[PDB]
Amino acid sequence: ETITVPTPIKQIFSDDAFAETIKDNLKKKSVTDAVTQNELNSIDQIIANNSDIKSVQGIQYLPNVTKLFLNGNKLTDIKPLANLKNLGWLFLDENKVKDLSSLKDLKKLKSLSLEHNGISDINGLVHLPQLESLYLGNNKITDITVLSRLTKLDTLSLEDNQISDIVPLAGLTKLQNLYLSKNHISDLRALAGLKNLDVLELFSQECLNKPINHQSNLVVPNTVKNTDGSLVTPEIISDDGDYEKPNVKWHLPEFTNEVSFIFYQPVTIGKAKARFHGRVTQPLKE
């Protein structure tokens, strides 16, 4: 897409904040100044974090942008980014962007940051198998199936999501830095073959068991597994319970809505040293 004749900035970039960003990038004096296509072709980087941008309409006319910093705006749609064929680095933290499929043709994209966007569905990222860095912290993701295709990732953050099933990571042996804190992970076996890890974070899991019936003498199998499948010993057990491997046991003369236990296990994978820590909650049916 091109502007055939020089046109005022504010006619191309409908968002007042983004028009000012373009003006400043080009060292123009006002958003009413005319811009040429050649001037737009010369934009290779935009830094516009925390700028109150609600839309990047008009950015489609910037074919050569390689780095886009748009953290902390009010974006809800990234359709105008879809044909930015040279984009290599994209930062979109703290927006509300969910149309990840809009990125599918960005085949030079190496780094993508989408933290705190309210994302659940990441299936559109399947179209970016060349990605080297992916940051999806602080979202509401449960299903990371498609990440089994992202075999060029060396850095991946999924911290602070709702993930229990990390099997899709098992084959991603290029991973070096892997951030998985604050999920629902109880089973590390998917990580066992990640021999190139240097950084691994496994803090503060919440592992939620399927409800079972309350009984006065409760017996709950421990399902927390290390990378070799061995059971991780609980360190702290609620309600005066005790561990008799492989079961946690409680005497509950009165109904209570849940019992729980907490575990902590140092783990080494590759060169990475991690602390796998979590709470298992067992809800009880009265």
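Sequential numbering from 1, following the sequence displayed.
Mean C-alpha B-factor is higher over 3-11 than over the other stretch, the pair under comparison being 275-283 and 3-11. Look at the C-alpha B-factors of 163-171 and of 89-97. On average they run higher in 89-97. The entry assigns its greatest Cα B factor, within the set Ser230, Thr256, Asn64, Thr36, to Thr256. Taking the PDB entry at face value, the top CA B factor among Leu153, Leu114, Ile78, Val199 belongs to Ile78. Per the PDB record, residue ranking by Cα B-factor puts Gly118 in the middle third of the chain. Looking at the C-alpha B-factors along this chain, the one for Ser216 belongs to the highest third. For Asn83, the recorded CA B-factor ranks within the highest third of the chain. Only modelled residues enter the ranking. In the PDB entry, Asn71 places in the middle third of its chain by CA B-factor. When the modelled residues of the chain are ordered by their C-alpha B factor, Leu26 lands in the middle third.
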